[PDB]
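Trainee: Questions regarding the structure given below will be posed in turn.
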Number of protein chains: 8
Amino acid sequence: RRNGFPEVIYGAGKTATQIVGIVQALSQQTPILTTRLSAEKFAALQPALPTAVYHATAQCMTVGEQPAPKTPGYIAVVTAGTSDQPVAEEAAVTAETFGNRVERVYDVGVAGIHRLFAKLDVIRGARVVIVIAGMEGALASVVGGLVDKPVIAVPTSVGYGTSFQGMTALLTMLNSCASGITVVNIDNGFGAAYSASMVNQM
Amino acid sequence: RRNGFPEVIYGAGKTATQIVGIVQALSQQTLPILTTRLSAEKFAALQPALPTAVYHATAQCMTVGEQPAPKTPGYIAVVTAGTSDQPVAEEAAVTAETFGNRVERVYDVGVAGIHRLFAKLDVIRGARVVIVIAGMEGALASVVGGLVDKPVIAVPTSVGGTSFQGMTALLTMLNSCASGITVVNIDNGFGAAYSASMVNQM
Amino acid sequence: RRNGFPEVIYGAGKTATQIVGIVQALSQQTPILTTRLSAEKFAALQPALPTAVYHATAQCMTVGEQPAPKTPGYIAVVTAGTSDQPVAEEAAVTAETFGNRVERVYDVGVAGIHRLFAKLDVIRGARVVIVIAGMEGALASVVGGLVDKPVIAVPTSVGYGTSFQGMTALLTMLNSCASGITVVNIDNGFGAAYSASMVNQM
Amino acid sequence: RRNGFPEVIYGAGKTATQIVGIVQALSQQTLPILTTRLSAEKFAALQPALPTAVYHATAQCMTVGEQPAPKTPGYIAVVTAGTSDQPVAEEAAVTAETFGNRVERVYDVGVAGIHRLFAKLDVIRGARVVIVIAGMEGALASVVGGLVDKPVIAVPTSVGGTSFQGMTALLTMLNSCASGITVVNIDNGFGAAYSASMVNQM
Amino acid sequence: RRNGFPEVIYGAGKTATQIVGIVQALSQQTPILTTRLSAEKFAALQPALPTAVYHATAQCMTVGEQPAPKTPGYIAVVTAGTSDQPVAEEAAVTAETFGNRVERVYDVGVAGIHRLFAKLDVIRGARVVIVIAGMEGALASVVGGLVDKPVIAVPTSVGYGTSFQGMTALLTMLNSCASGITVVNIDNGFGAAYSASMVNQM
Amino acid sequence: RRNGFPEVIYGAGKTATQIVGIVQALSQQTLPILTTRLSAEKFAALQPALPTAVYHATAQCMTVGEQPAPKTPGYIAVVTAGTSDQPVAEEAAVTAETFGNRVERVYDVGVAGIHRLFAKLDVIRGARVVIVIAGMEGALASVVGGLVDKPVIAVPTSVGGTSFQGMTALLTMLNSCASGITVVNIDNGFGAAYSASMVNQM
Amino acid sequence: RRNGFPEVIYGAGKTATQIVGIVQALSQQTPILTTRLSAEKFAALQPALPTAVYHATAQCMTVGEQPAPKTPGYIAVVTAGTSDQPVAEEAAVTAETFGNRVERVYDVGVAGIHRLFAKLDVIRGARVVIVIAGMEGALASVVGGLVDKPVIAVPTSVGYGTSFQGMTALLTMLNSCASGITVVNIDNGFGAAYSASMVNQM
Amino acid sequence: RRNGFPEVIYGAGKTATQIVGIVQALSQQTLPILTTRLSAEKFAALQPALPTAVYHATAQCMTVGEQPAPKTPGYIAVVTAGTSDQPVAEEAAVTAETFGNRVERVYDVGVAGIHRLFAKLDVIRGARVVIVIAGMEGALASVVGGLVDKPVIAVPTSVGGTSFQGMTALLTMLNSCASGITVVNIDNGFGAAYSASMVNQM
Ligand SMILES: Nc1ncnc2c1ncn2[C@@H]1O[C@H](COP(=O)(O)O)[C@@H](O)[C@H]1O
Ligand SMILES: Nc1ncnc2c1ncn2[C@@H]1O[C@H](COP(=O)(O)O)[C@@H](O)[C@H]1O
Ligand SMILES: Nc1ncnc2c1ncn2[C@@H]1O[C@H](COP(=O)(O)O)[C@@H](O)[C@H]1O
Ligand SMILES: Nc1ncnc2c1ncn2[C@@H]1O[C@H](COP(=O)(O)O)[C@@H](O)[C@H]1O
Ligand SMILES: [Mg+2]
Ligand SMILES: [Mg+2]
Ligand SMILES: [Mg+2]
Ligand SMILES: [Mg+2]
Ligand SMILES: [Mg+2]
Ligand SMILES: [Mg+2]
Ligand SMILES: [Mg+2]
Ligand SMILES: [Mg+2]
């Protein structure tokens with residue numbers, strides 16, 4: 001029960017009229033984070049749940065007060081390209097909603113690998129690292145070889161052609177777990193940040 | 001340089017006359033040497049060369065060198081779905097233990113006879129990290145993931161068989177919902193325990 | 001001919017102007033159930049066939065009188081998550097239209113497995129069990145091991161990423177038929193309820 | 001506990017010295033013991049150990065123990081598309097019979113020479129349940145399913161071959177339309193008959 | 001050059017403003033048939049090419065005069081279900097535009113196989129048979145075994161789930177070519193009727 | 001009954017002692033008997049039993065019985081892309097000839113050295129039907145299909161190899177554009193010639 | 001840094017309000033080419049960046065002055081069908097923006113192979129050849145065998161059915177690299193022209 | 001006719017008694033003869049027949065005839081990801097050198113230990129063309145492609161293994177982003193070097 005975790009509603013298939021109904025049911029108990037919440041659904045709820053915030057790029061709403069970092073360290077969220085940033089903020093906002101400090105390192109993909117070496121120590125000073133990437137997926141391989149903290153890698157569905165909406169990054173990423181890497185499902189920013197938050201709070 | 005980890009040998013693509021070559025190249029470590037995926041015919045080839053080495057048959061791993069105490073008092077729980085998983089479970093198990101981790105094995109607890117899984121639930125919940133290894137019924141990872149509030153790393157196993165050579169287990173674990181599961185690639189129990197070991201010792 | 005079954009029009013590709021034409025053709029003979037009937041098509045037919053009912057969540061229209069249970073027992077329709085409920089009501093409404101009592105057990109997925117043990121006897125007291133699930137598909141494995149009545153399992157296309165719109169549940173579900181489970185096609189709530197109704201009426 | 005079923009041995013992953021181990025562990029049942037997928041070399045290994053056991057060559061099943069009468073007077077019809085199916089058909093057949101079911105075999109009736117299938121249509125229609133086993137021409141299940149108003153369980157068989165190792169038969173049976181068909185996974189005649197047997201004895 | 005064939009514009013990717021431009025270019029020479037012509041594109045061209053006809057269900061426009069049957073026999077176009085009829089009329093209209101008599105046998109799928117035996121001689125009296133079907137694809141197997149004229153089979157992309165938009169019929173159909181069957185690409189009504197017309201005019 | 005065709009034996013799944021069983025069951029035909037896919041070790045097993053039979057090594061076909069004249073004066077052209085195709089080309093070739101067809105072989109004319117293909121273009125164009133057999137470079141079927149105004153049946157061959165075991169050739173031929181091509185399934189030269197033979201004799 | 005290349009913004013996922021922001025950031029330095037720029041996004045930017053040009057068919061905007069050919073030779077862009085022309089102009093416009101002369105040879109697909117032999121010398125007089133094609137993909141095979149300059153082949157996603165949105169051309173094209181051919185990703189006109197420009201400027 | 005290239009033998013499908021047949025058919029060239037994919041058992045079969053020939057074991061290539069000087073002073077760099085790549089890297093290497101190219105090998109520089117790759121970056125950058133050969137970690141091609149402003153041809157290697165037999169490496173290289181990469185098909189180091197050699201000598 002009281003395991004110290006917020007509440008997570010799969011806001012993708014649920015109706016705006018329903019999300020109020022689910023929030024207002026658990027509104028007396030416990031922060032309430034909702035993931036994959038369209039901009040058309042937050043507008044329809046804005047006055048019905050007038051405390052909630054909305055992170056546009058992340059498609060996440062939070063009703064309630066995000067805690068202060070309960071752990072002295074931080075989580076590195078590392079992005080290969082700007083197109084990755086929505087699923088990145090889904091991770092970074094759920095990690096912050098679960099009580100973790102988060103240091104963002106966006107747009108340092110391998111096609112300009114000096115950008116990643118520029119922040120290479122910030123990454124190393126995190127307790128966990130989330131690596132997000134599309135197309136090639138190469139970035140998680142690169143970081144996994146270069147840091148000695150747990151790395152959770154999120155493939156994304158960005159790009160085109162034989163990206164197979166994320167399949168090629170997922171395969172690339174799975175093929176480098178021997179370097180200290182685990183992988184979540186495509187676009188699953190929330191899901192990597194939930195295991196990330198657990199790792200970080202130990 | 002010195003992150004404490006033992007020396008790893010990928011012994012599937014190295015030769016018997018070439019393994020003894022790097023093992024004794026680092027015979028001044030005082031740190032253990034773990035050799036993964038070493039077929040039983042290749043340990044008989046070196047058994048004269050390294051009389052002291054230990055060989056874990058099911059796990060195809062050979063350890064040379066004095067094991068010191070566990071590094072931290074928590075344990076990694078290794079949960080297996082069926083007997084066909086025992087080998088790749090034992091590769092995770094032996095790697096985790098060589099790396100300094102206490103390991104508690106919880107084998108044959110697939111959801112076909114789920115009472116088995118509640119039998120040893122106290123043990124699973126007590127671990128700092130849970131490695132779930134499952135073949136055809138990769139549904140075990142989700143069942144676990146929704147019963148523990150600790151990190152779960154899932155290892156899909158290939159076992160031949162509308163399981164499409166384990167590809168279904170990999171897909172089933174990725175698409176699992178007990179948020180808190182994170183997936184390595186097929187049969188890679190080593191790398192699971194490598195990420196597990198980092199997670200435990202933090 | 002007179003085998004005791006209603007009439008089933010694949011209302012997906014057929015036009016609203018046509019469904020009236022098909023209903024009004026067989027309207028003199030025999031209940032008439034139509035499956036995959038959009039809400040935009042029922043409005044266009046509401047006055048042209050003003051007796052029919054419409055189950056919104058199920059996307060099924062029935063013109064005619066649903067029979068009373070011709071069998072003393074009931075069919076358990078068991079759902080893993082709320083997102084599964086449309087295809088669940090397609091099953092539950094066709095099972096009721098074919099003359100079966102139906103006991104619904106919705107939202108008891110494995111990510112909170114206590115909810116399923118809460119209703120575990122209701123399931124067992126059914127003559128047939130329909131298990132519906134998305135993403136992981138785990139639930140059908142779990143129930144198949146726990147009841148000793150025929151279980152028909154419907155994968156659904158809900159979730160995201162490597163769900164492959166239902167493929168991962170279908171594979172998961174097919175891989176547990178040795179526990180007394182058969183599987184229908186993705187989203188095929190109607191089709192599992194048609195075999196279910198046959199089983200139940202013996 | 002006591003659901004009446006006989007004892008099942010998955011004899012593909014068990015060893016010859018280990019099979020005689022559980023068979024004689026339950027030699028006080030008075031109930032039959034059915035051992036599926038037992039290669040002809042493994043029955044010669046035990047033929048001394050169990051002189052009374054019967055072995056059904058094509059079906060790779062070994063039955064130890066006195067078969068009592070059929071439990072119910074209806075029969076299961078086992079329909080096979082071609083000769084290449086005889087083995088997995090015979091695994092369904094022998095399992096169904098060991099479990100207490102009268103079984104009527106209707107073999108080699110594929111739609112290439114469909115007059116064969118109308119030859120023995122009276123027999124098929126007379127069954128309480130029909131198990132259809134088909135390789136390349138998995139179209140047989142639909143043809144049957146639209147000629148019988150009784151439950152049909154389809155078993156796709158692998159036979160090597162743009163049949164993609166049976167995957168086409170599995171897909172073809174799932175996507176069948178004679179509503180009333182339900183599919184097990186590849187080559188799993190046992191589990192088909194296990195669901196068939198439940199359906200018959202109800 | 002003058003091989004006796006009409007002109008065939010892939011009207012799918014081409015613009016309405018362009019199709020007039022392509023027609024009016026070859027309008028002085030030679031009938032002009034255009035395939036995959038949307039209803040939104042024919043309206044935009046109706047006054048610019050005011051002689052052309054439009055077959056709504058077929059999405060084909062013909063500018064010019066369809067010839068009278070230059071061959072005494074006819075082509076049987078055989079459809080399994082009503083959902084198949086668009087791609088059927090794409091075949092039947094291109095076969096008629098190329099000078100062939102066409103006898104249509106729609107909706108006689110295997111789920112009611114008596115309907116096909118009702119027309120079984122009409123099919124046999126054709127010089128070529130086009131078999132169109134979705135979902136299961138079974139129908140082409142059935143007819144191929146029952147007629148001894150060339151059968152060209154068109155899979156369609158109708159149905160749902162693991163139809164894989166036509167892939168399961170294509171596979172089913174390819175797996176019965178030993179009965180005197182060739183297969184075209186999914187939905188390719190025009191393409192089967194072009195080989196059909198050649199066969200018929202010999 | 002009597003459509004003129006010779007007797008066919010699928011000799012891949014029949015046994016050597018069982019082949020001589022049906023061959024001499026119909027030794028009163030006066031019509032030829034064609035046995036396809038007969039391995040060279042299985043013809044040596046019967047060579048005593050049938051001293052008169054002919055065996056075409058590359059094609060794995062054995063013909064017993066007096067070949068009468070060709071039934072019609074046109075010929076079938078069998079075009080092969082490379083040497084690796086010679087076997088399945090020769091199965092089409094020998095079947096077509098046993099069935100009563102004049103056959104002109106045009107081998108090794110792949111588009112890598114396309115001048116070879118224009119070398120024997122007069123011959124190809126002169127055929128009533130063209131069977132194109134191609135492995136990796138299945139592009140040959142389209143090239144032919146757009147140079148002949150006669151029916152083209154394409155046979156994809158498996159040859160191991162990012163050709164995905166011939167699946168690419170099958171997909172490439174289906175998606176060919178020289179409208180006038182029709183595809184059989186992988187390696188099935190027999191059935192190609194069976195449809196070819198019907199087309200030629202009409 | 002100053003390697004002589006323009007600037008390339010993946011204008012697909014980026015917002016119109018952002019592309020101005022990215023252009024106007026690098027507007028002081030260095031031509032600026034933007035690829036996959038919708039017609040709805042260029043209108044919204046037309047007054048904010050009023051120097052840029054827009055190639056409608058190519059979906060490319062260029063802000064800045066395209067250089068004159070810095071190399072005396074030219075690049076042949078060769079198209080199989082008119083449907084290929086968008087991705088062709090994406091290549092031809094990026095090759096021209098990077099300083100290359102470009103000779104276009106559109107619509108000479110293999111279904112009318114005389115059209116390609118008509119321009120066969122123009123192709124040969126280029127220093128590099130880009131071959132673009134859909135459906136069959138055959139054209140790259142044909143040209144690769146016929147020119148002895150580097151050939152870069154772009155599969156496209158045009159056609160239907162088992163085109164698998166470009167997969168069949170990609171496979172066909174990859175299967176002819178032994179003739180002096182490399183392949184880029186589906187629809188990647190820009191990407192083949194970037195390697196093409198490098199080759200040409202040596 | 002005379003493009004300068006040496007004579008190539010595809011020695012995987014040619015026989016040992018047939019190889020010596022064309023090698024000595026062109027023994028009046030004064031130009032070298034390169035024989036690719038020649039197993040070590042097939043070179044021992046000819047070693048008497050051609051005493052002067054050289055055989056490169058790892059690369060399965062045999063070269064007969066006097067190598068003249070390099071044709072142009074630039075070199076091709078052949079970069080390999082791991083040891084498992086050495087064979088197909090060496091086929092590219094030896095072909096490039098036989099064709100007249102200076103070749104600099106840069107092996108074992110995968111991104112797991114990326115410092116290795118910066119070790120020999122000066123050499124890589126100095127090449128006119130870079131052939132990148134990579135198995136599981138096909139991410140190497142992108143890393144290179146974004147560090148060199150010269151043409152990169154990538155060769156995916158099959159190595160068994162959630163790498164799906166190299167298919168992931170092929171997909172990963174296609175979907176790479178360091179624009180400047182171009183991909184051959186699986187294991188085809190020869191054809192890579194054939195395109196590489198053309199690119200270098202221009
Ligand atoms: N964005 C997300 N991705 C994956 N799983 C999620 C996401 N949001 C919530 N979940 C999980 O999905 C389940 C919700 O199931 P449902 O009852 O269908 O809402 C819970 O286990 C949530 O933690
Ligand atoms: N929702 C459904 N899913 C699958 N099959 C269905 C569905 N509704 C009807 N059918 C079956 O599809 C066939 C109707 O074919 P058609 O002539 O195309 O309407 C019949 O066998 C129906 O029982
Ligand atoms: N519906 C269709 N399906 C397949 N191929 C077609 C179709 N309509 C026309 N074609 C062929 O596609 C080619 C037209 O190429 P394009 O120049 O792109 O129009 C010709 O070979 C036509 O015969
Ligand atoms: N049309 C395109 N196709 C593929 N890659 C592209 C395209 N346009 C730009 N790129 C590359 O994609 C990268 C841009 O990454 P991003 O930061 O997400 O814009 C650079 O390497 C560009 O050269
Ligand atoms: Mg970027
Ligand atoms: Mg690491
Ligand atoms: Mg739920
Ligand atoms: Mg059960
Ligand atoms: Mg119908
Ligand atoms: Mg036929
Ligand atoms: Mg064209
Ligand atoms: Mg070339």
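Here, A, B, ... name the chains of the structure tokens in the order displayed, residue numbers run from 1 inside each chain, and ligands are numbered from 1 in the same displayed order.
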Dump the neighbourhood of ligand 9 as an MDAnalysis selection string: all residues within 8 Å, distances computed on only C-alpha atoms and all ligand atoms.
Mentor: chainID E and resid 80:83 107:109 111:112
Trainee: Quick one: pick out all strand (DSSP E or B) residues within segment 44-132 of chain A from a backbone DSSP run and write them as a VMD selection string.
Mentor: chain A and resid 53 to 55 60 to 63 74 to 79 101 to 105 128 to 132
Trainee: Residues within 10 Å of ligand 8 (only C-alpha atoms and all ligand atoms), as a list in words?
Mentor: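 Counting only what the definition allows, namely only C-alpha atoms and all ligand atoms, the set is residues 112 of chain B; 124, 128, 129, 140, 141, 142, 143, 144, 145, 146, 147, 148, 149, 150, 151, 152, 176, 177, 178, 179, 180, 181 and 182 of chain C; 194, 195 and 198 of chain D.
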Trainee: Which residues come within 6 Å of residue 58 of chain D, counting only C-alpha atoms, excluding same-chain residues fewer than 2 positions away, as a PyMOL selection string?
Mentor: chain D and resi 56+60+87
Trainee: Near chain G, which residues of chain A fall within 9 Å when you count only C-alpha atoms, and what do they look like as an mmCIF file with C-alpha atoms, in the first residue's frame?
Mentor:
data_model
loop_
_atom_site.group_PDB
_atom_site.id
_atom_site.type_symbol
_atom_site.label_atom_id
_atom_site.label_comp_id
_atom_site.auth_asym_id
_atom_site.auth_seq_id
_atom_site.Cartn_x
_atom_site.Cartn_y
_atom_site.Cartn_z
ATOM 1 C CA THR A 82 15.734 17.095 -30.233
ATOM 2 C CA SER A 83 13.055 14.812 -31.686
ATOM 3 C CA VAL A 158 11.266 8.939 -34.481
ATOM 4 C CA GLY A 159 12.758 9.022 -37.923
ATOM 5 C CA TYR A 160 11.309 7.173 -40.876
ATOM 6 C CA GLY A 161 11.642 4.291 -43.301
ATOM 7 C CA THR A 162 13.108 1.113 -41.714
#
Trainee: Distance atom CA of residue 121 of chain F-atom CA of residue 67 of chain F, one decimal place?
Mentor: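 It comes out at 29.1 Å.
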Trainee: Given a cut-off of 6 Å, which residues of chain F touch chain E, counting only C-alpha atoms, written out as a list in words?
Mentor: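 Listing them in order of chain and number gives residues 174, 179, 180, 182, 183, 184, 185, 191, 194 and 195 of chain F.
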Trainee: I'd like the neighbourhood of residue 21 of chain F as a ChimeraX atom specification, where a residue qualifies if any of its atoms comes within 12 Å (using only C-alpha atoms), though same-chain residues fewer than 6 positions away should be ignored.
Mentor: /F:9,14-15,27,46,49-50
Trainee: List the neighbours of residue 7 of chain D out to 8 Å using only C-alpha atoms; skip same-chain residues closer than 2 positions along the sequence, and give me the result as number ranges by chain.
Mentor: D: 5, 9, 31-34
Trainee: Deliver the residues from the most recent selection as a file, using N, CA and C atoms, as a compact mmCIF listing (two decimals), in the first residue's frame.
Mentor:
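Here's the written file again_23.txt:
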# COMPACT_ATOMS: atom_id res chain seq x y z
N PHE D 5 -8.56 -36.01 -14.05
CA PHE D 5 -7.68 -36.09 -15.19
C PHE D 5 -6.55 -37.08 -14.93
N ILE D 9 3.01 -36.31 -18.48
CA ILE D 9 4.45 -36.16 -18.42
C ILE D 9 4.89 -35.44 -19.67
N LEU D 31 -5.05 -44.65 -11.80
CA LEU D 31 -5.37 -43.76 -12.91
C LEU D 31 -4.27 -43.82 -13.96
N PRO D 32 -4.59 -43.63 -15.24
CA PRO D 32 -3.57 -43.79 -16.27
C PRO D 32 -2.54 -42.67 -16.25
N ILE D 33 -1.39 -42.95 -16.86
CA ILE D 33 -0.28 -42.00 -16.94
C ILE D 33 0.09 -41.83 -18.41
N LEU D 34 -0.07 -40.61 -18.92
CA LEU D 34 0.16 -40.31 -20.33
C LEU D 34 1.42 -39.47 -20.49
Trainee: Pull out every residue of chain H that has at least one atom within 9 Å of chain F, counting only C-alpha atoms, and report them as a ChimeraX atom specification.
Mentor: /H:13,167,185-187
Trainee: Please measure the separation of atom CA of residue 38 of chain E and atom CA of residue 59 of chain E, giving the value in Å to one decimal.
Mentor: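 Atom-to-atom, atom CA of residue 38 of chain E and atom CA of residue 59 of chain E are spaced 6.0 Å apart.
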Trainee: How many Å lie between atom CA of residue 116 of chain F and atom CA of residue 92 of chain H, rounded to one decimal?
Mentor: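 About the pair atom CA of residue 116 of chain F and atom CA of residue 92 of chain H: they are 28.6 Å apart.
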Trainee: So, with only C-alpha atoms as the atoms that count, which of F:145, F:91, F:111, F:120 lies closest to residue 57 of chain F?
Mentor: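 With only C-alpha atoms as the atom set, the closest residue is F:91.
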Trainee: When distances are computed from only C-alpha atoms and all ligand atoms, which of C:33, C:102, C:23, C:44 shows the smallest separation from ligand 2?
Mentor: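 With only C-alpha atoms and all ligand atoms as the atom set, the closest residue is C:33.
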Trainee: I'd like to know which of F:113, F:26, F:94, F:193 is closest to ligand 12, using only C-alpha atoms and all ligand atoms.
Mentor: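 Among F:113, F:26, F:94, F:193, it is F:113 that comes nearest to ligand 12.
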Trainee: Would you list the contacts of residue 12 of chain F as a ChimeraX atom specification, taking every protein, DNA or RNA residue within 12 Å and counting only C-alpha atoms, but skipping same-chain residues closer than 6 positions in sequence?
Mentor: /D:84,161 /F:18-19,35-43,60-61
Trainee: Those same residues - C-alpha atoms - I'd like them written as a CSV table (one decimal), in the first residue's frame.
Mentor:
chain,number,residue,atom,x,y,z
D,84,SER,CA,2.1,-35.1,-42.8
D,161,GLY,CA,7.7,-24.9,-47.5
F,18,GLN,CA,5.8,-47.0,-51.1
F,19,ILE,CA,6.5,-45.2,-54.4
F,35,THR,CA,7.4,-38.2,-59.8
F,36,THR,CA,8.7,-34.9,-58.4
F,37,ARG,CA,11.3,-34.2,-55.7
F,38,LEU,CA,12.9,-37.6,-55.8
F,39,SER,CA,16.4,-37.5,-54.2
F,40,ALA,CA,19.2,-39.3,-56.0
F,41,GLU,CA,19.5,-41.8,-53.2
F,42,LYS,CA,15.8,-42.8,-53.7
F,43,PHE,CA,16.1,-43.4,-57.4
F,60,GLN,CA,14.7,-34.7,-58.9
F,61,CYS,CA,12.0,-36.1,-61.2
